[PDB]
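Protein chains in written order, with PDB author numbering: chain r, 426 to 439; chain K, 7 to 284; chain A, 7 to 376; chain B, 189 to 376; chain L, 2 to 270.
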Amino acid sequence: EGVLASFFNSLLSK
Amino acid sequence: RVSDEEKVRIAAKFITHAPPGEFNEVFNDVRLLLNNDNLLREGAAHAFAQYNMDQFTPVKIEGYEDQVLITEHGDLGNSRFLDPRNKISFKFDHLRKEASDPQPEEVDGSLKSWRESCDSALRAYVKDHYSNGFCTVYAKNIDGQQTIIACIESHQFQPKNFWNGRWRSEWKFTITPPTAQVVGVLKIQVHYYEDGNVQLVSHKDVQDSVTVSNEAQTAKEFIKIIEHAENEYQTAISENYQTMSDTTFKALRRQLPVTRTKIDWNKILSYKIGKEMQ
Amino acid sequence: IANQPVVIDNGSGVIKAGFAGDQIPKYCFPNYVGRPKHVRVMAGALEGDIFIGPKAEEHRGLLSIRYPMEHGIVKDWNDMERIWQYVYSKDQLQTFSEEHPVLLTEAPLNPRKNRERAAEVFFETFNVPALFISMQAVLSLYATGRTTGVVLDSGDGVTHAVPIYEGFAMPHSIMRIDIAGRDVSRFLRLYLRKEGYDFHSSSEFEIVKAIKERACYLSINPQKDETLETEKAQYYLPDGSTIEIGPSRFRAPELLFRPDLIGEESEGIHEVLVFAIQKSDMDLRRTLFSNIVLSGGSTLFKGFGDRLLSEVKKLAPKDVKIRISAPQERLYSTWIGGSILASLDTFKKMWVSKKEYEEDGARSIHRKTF
Amino acid sequence: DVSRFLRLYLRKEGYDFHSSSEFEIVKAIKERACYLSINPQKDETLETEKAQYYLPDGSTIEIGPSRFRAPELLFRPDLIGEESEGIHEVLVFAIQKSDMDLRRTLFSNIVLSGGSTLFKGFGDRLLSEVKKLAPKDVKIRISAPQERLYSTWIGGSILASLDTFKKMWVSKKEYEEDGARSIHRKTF
Amino acid sequence: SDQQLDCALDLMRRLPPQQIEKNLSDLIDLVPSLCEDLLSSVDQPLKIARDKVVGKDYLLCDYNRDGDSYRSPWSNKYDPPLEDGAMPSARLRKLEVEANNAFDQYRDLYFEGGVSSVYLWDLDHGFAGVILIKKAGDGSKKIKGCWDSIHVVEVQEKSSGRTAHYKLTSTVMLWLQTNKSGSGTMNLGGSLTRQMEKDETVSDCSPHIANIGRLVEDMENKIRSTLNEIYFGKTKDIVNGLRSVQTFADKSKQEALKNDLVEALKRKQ
Ligand SMILES: Nc1ncnc2c1ncn2[C@@H]1O[C@H](COP(=O)(O)OP(=O)(O)O)[C@@H](O)[C@H]1O
Ligand SMILES: Nc1ncnc2c1ncn2[C@@H]1O[C@H](COP(=O)(O)OP(=O)(O)O)[C@@H](O)[C@H]1O
Ligand SMILES: [Mg+2]
Numbered sequence: 426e427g428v429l430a431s432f433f434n435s436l437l438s439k
Numbered sequence: 007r008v009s010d011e012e013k014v015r016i017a018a019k020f021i022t023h024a025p026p027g028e029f030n031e032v033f034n035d036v037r038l039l040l041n042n043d044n045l046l047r048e049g050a051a052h053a054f055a056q057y058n059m060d061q062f063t064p065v066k067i068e069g070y071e072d073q074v075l076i077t078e079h080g081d082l083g084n085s086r087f088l089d090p091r092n093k094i095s096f097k098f099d100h101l102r103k104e105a106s107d108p109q110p111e112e113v114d115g116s117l118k119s120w121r122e123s124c125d126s127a128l129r130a131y132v133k134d135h136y137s138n139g140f141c142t143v144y145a146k147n148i149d150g151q152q153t154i155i156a157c158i159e160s161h162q163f164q165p166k167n168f169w170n171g172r173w174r175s176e177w178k179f180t181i182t183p184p185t186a187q188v189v190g191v192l193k194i195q196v197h198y199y200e201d202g203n204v205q206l207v208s209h210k211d212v213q214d215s216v217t218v219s220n221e222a223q224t225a226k227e228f229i230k231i232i233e234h235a236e237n238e239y240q241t242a243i244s245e246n247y248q249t250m251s252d253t254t255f256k257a258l259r260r261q262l263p264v265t266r267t268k269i270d271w272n273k274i275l276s277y278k279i280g281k282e283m284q
Numbered sequence: 007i008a009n010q011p012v013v014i015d016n017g018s019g020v021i022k023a024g025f026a027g028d029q030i031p032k033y034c035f036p037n038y039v040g041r042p043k044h045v046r047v048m049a050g051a052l053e054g055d056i057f058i059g060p061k062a063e064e065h066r067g068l069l070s071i072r073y074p075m076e077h078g079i080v081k082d083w084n085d086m087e088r089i090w091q092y093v094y095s096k097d098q099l100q101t102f103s104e105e106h107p108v109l110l111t112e113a114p115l116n117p118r119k120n121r122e123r124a125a126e127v128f129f130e131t132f133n134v135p136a137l138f139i140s141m142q143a144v145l146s147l148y149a150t151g152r153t154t155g156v157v158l159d160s161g162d163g164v165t166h167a168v169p170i171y172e173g174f175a176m177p178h179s180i181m182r183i184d185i186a187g188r189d190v191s192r193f194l195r196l197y198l199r200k201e202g203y204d205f206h207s208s209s210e211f212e213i214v215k216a217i218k219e220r221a222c223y224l225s226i227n228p229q230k231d232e233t234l235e236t237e238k239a240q241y242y243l244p245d246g247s248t249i250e251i252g253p254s255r256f257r258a259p260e261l262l263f264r265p266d267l268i269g270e271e272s273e274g275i276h277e278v279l280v281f282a283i284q285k286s287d288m289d290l291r292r293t294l295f296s297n298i299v300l301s302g303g304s305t306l307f308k309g310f311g312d313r314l315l316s317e318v319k320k321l322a323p324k325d326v327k328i329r330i331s332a333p334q335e336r337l338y339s340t341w342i343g344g345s346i347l348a349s350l351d352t353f354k355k356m357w358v359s360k361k362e363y364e365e366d367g368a369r370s371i372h373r374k375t376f
Numbered sequence: 189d190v191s192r193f194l195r196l197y198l199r200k201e202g203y204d205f206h207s208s209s210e211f212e213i214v215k216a217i218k219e220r221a222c223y224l225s226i227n228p229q230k231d232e233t234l235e236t237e238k239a240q241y242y243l244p245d246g247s248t249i250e251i252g253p254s255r256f257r258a259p260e261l262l263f264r265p266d267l268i269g270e271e272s273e274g275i276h277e278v279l280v281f282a283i284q285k286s287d288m289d290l291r292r293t294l295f296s297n298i299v300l301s302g303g304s305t306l307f308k309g310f311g312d313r314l315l316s317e318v319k320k321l322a323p324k325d326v327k328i329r330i331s332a333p334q335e336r337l338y339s340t341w342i343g344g345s346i347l348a349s350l351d352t353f354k355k356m357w358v359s360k361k362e363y364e365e366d367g368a369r370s371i372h373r374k375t376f
Numbered sequence: 002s003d004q005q006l007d008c009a010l011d012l013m014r015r016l017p018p019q020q021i022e023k024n025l026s027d028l029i030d031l032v033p034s035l036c037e038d039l040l041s042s043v044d045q046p047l048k049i050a051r052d053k054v055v056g057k058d059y060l061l062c063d064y065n066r067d068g069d070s071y072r073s074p075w076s077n078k079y080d081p082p083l084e085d086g087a088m089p090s091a092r093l094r095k096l097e098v099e100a101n102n103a104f105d106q107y108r109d110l111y112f113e114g115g116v117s118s119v120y121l122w123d124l125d126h127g128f129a130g131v132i133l134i135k136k137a138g139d140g141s142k143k144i145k146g147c148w149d150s151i152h153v154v155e156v157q158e159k160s161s162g163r164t165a166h167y168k169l170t171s172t173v174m175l176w177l178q179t180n181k182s183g184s185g186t187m188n189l190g191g192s193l194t195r196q197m198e199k200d201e202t203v204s205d206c207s208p209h210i211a212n213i214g215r216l217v218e219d220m221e222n223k224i225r226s227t228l229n230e231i232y233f234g235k236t237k238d239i240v241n242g243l244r245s246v247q248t249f250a251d252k253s254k255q256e257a258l259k260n261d262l263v264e265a266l267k268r269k270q
């Protein structure tokens, strides 16, 4: 789920 | 961007190649993509004309029940077609595939004896052999030479069963006292799409010769040639299907390897090919 | 003719014969010709050099066996003629070929020349009054009191799935494969060789066939029993010695569901059945899946029904009812159907006259058949 | 089996051997004076030559018809009542049981091996039998290398020299943990 | 425009399969808004490319593509040199080359020629891959055709490391053409898609690639059998229904006899 986590990580930071 | 002329050209390209018994939803799809009926219709008239021309579609005449075939040979040009059974000129709406205004048209009738004898014998034959078997016979003067054209067509559509099929056999036959020539083209188009897709397109060309002594005798000989040609063609198709898995299909993928045993994947992975020595 | 007709089901392995209207064939014997291979030295040895029927079984070790039919196709026609005259011999069905019409049963999708030569033999060498050739599966469905359903007839030479709807077998939906009980017996012979038991003799092939019949089964899961070490079950040979069979008990019949275990480019029996069902229009498919009738000897394997059910369920569409019917009279079901068909007075209109055969020939017998 | 048949025929010629040590003398007689006739029926009807063989003790024996009928057992097992295929039938049935595509190249590539293929005239006789059984317009090439006795050992040596052989053997630990299954998967 | 997407998909499924590429390109010019989406759904015959470093034929797909470049499976380099690219991994690259060798052997055994290409990529607690096979019919014999097969496999590795779950989806595009004396010309196109799931014990004796290859060959054999038997015998049946070799008078007589037989059977039950 690393690709999924990174997309969420961009959203969480912004 | 795309020019509208190119748009309707692609629309005609898709329309003319539609499989038999599915032109209506192909048309529905092409308008739904274009979203322009008025823009489409001018070239769509030519596209539908050609599709219904080369496909030999049968259209019923309500007042006659002749059920004549639409063919390039029996075309007049006022969006009208001449049924040689009873000599009836009728307008044909390609959009609805409907016959209107049955109008007698005066032909000289020089070839009517040959045309009618061939039509009678050919109807007897088509009813004997085909399932539905809609047929017509025309007379023409090609390059000044008198010719009789037999057209046979048999269609079976079951979109409920996910399959359509069409047989169409055209046979030109020139009149010549010493020896006459017969030239035939047979086309079969079958589509079947239940949880998959398969499209058979078969074509055959035949050439033979006959002798012209009596019109009834010549017509009987012609129908015997039709019998022999179509019987041998259909039996050849059946045999070709029988030898599909053995030889024809084997050129692409074999049912089993040449070793006649399933691949031992552990063997090939762990050990090399084993052809290091030579 | 007002005399009683005789039904003959000439299978590859066993040939059933009997007067029509009987509930059972009383004259079934193996379909091979035995010839003595040892040299006769005394005055008073067994007379004759051809041994067919129970005599061939009594003196089995004395004879070399030859099978005239292979995969439902008559390879040796002289031996077939000898067997068909033995059917009329005084040992079994003491009668004359001239007195009784014959209902011959034949495998489906056979070559044209086979039917032609069978008709020629029955009309010329035998002066038979009336012959009718039929199929093996449609009769097997007639036996079980049905007219719609799919028959999976698995005999000794050939196994075929035939869907019949309202009596008339669909000629286009017939499925046939040549791996059958004989191939399973050969595979069992090879595996027994791999246990340290050689049965290369022709008479020992019948002992291998008996071992197949009496001690074999089909495992529910192939790999599960393949990996598990099976208990060694001991079988008693005719001489009195014993052999430990072991894994060859279940590896042998697995040929039926995996033809690639002997390098045959063909489909399995479950695939054959499911393809026969799916080759028909869908409205009848749901009825065909319910009405599945097993037939032939090879369907009698211990656990055949369960494995076939599992495989057909694995292949068939989900949410479709599947029911396998296994009649107790599976061996004689085809003959029972032949007897039922011959009992009908309409059979009087279904046979071919000697005058009709002389006039037309194979055209008459092939237009009379389906 | 050929040497046992030769012992039986020598018994039928008056020269009788019983002892297990004298079976080795029979084996030596087979290896020394025995050949395969190209035409068995032609040589059968003709008068024999009766070549003489010197036994280890110094006595002599006249062989005659047993010289060529003994290796005949390879091509005709029915001479000892076995209803099994002959050696030529073994080869041809192995070829014809294979794929139809491979039959031509299998017929064009036949390799003899083992000690029993060293009979005088073995190659010509087998070629004649295979041609009798094989289809026409198919080239047949039976290869008879000089190292027939040690061909299989030389093959084992070639295989064991490769580094891939490390990936082929059943290790000791694999047998210790699995047992017969390790050899069963690794061999096939 | 989901309705127009379904329209385009149905139309493309309806058109002949040999002209799939040209007609798809033409249709892209009509409604370009869904074009890439269409290219994600519509299945197309594969393209061959020359890996010059090793000198091999490799198949171009959408999974190895990165922008306007295609990654070779042998060289592991894009045919257009990309300064930045997505290599699969270190371990998955060895899995990829092992799969490439294994499927080269499988292709040679089953097809005797053609081209093959296995491309792997990682996945959520697992890895996915695509196995592409192409095989154009040789011109030596009158039979001329093409076989394309795309098998996308998803491997979910269980936490224990011994068990795994495989989900295989296979699409086969077949085309055959024969020009014989009797049949004159026959042209059998077709396409067929199937799917199946399984779970297998990963081990040294039975690694991942062995399981994927076993599933792929089983699916290929099943698809070949179905195409040869059901989807071609149905066309045979249709051609036999369009015209009858036997006359209809004889058929009517046989059917009357059959009606007599079935009524007689129905009476005796
Ligand atoms: N209980 C059984 N288990 C397994 N096989 C059997 C059994 N009984 C009979 N057979 C096999 O079935 C075959 C006979 O089946 P049958 O229906 O008579 O075939 P055919 O129709 O060709 O005569 C024999 O070869 C025999 O080996
Ligand atoms: N020159 C020869 N002529 C005939 N037979 C021979 C000859 N040399 C060896 N043999 C036979 O070949 C056998 C040995 O063959 P070999 O290849 O060693 O068998 P194996 O494969 O069991 O080792 C012996 O039994 C011997 O009788
Ligand atoms: Mg039977």
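Using N, Cα and C, we set each Cβ at its ideal position, and we do this for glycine too.
Of the residues the options, the one placed nearest residue i, counting alpha carbons only
| i | options | result |
| --- | --- | --- |
| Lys308(B) | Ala258(B), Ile342(B) and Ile283(B) | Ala258(B) |
| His161(K) | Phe33(K), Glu28(K) and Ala222(K) | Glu28(K) |
| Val116(L) | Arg108(L), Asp123(L) and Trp122(L) | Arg108(L) |
| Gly40(A) | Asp204(A), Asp55(A) and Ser179(A) | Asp55(A) |
Cross-chain neighbours of residue i in chain A, by beta carbon under 9 Å
| i | result |
| --- | --- |
| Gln261(K) | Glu271 and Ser272 |
Within chain B, partners of residue i - CB distance below 8 Å
| i | result |
| --- | --- |
| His206(A) | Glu270, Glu271 and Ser272 |
Assigned secondary structure, residue i (DSSP; H/G/I helix, E/B strand, else coil)
| i | result |
| --- | --- |
| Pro208(L) | coil |
| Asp149(L) | strand |
| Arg51(L) | strand |
| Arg188(A) | helix |
| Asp89(K) | strand |
| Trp357(A) | coil |
| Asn229(L) | helix |
Per-residue contacts from residue i into chain A (C-beta, under 8 Å)
| i | result |
| --- | --- |
| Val263(L) | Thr153, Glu172, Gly173 and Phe174 |
| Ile210(L) | Ordered by position in chain A, no residue passes the 8 Å Cβ test against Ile210(L), which lies about 19 Å from the chain. |
Residues that residue i contacts on chain K, provided the C-beta gap is smaller than 7 Å
| i | result |
| --- | --- |
| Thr164(L) | Result: empty, since nearest Cβ-Cβ is about 18 Å, beyond 7 Å. |
Residue i and residue j closer than 8 Å at C-beta
| i | j | result |
| --- | --- | --- |
| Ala165(L) | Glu201(L) | yes |
| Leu261(B) | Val190(B) | yes |
| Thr182(K) | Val143(K) | no |
| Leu137(A) | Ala348(A) | no |
Residues that residue i contacts on chain B, provided the C-beta gap is smaller than 7 Å
| i | result |
| --- | --- |
| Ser70(A) | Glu271 |
Taking Cβ-Cβ distances below 9 Å as the criterion, which residues of the segment 49-82 of chain L are in contact with chain A? Listed by position, the residues of the segment 49-82 of chain L near chain A (Cβ gap below 9 Å) amount to none.
Residues of the segment 28-44 of chain K in Cβ contact with chain L at a cutoff of 9 Å, in chain order, please. Here the close residues are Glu28, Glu31, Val32, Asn34, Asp35, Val36, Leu38, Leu39, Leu40 and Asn41.
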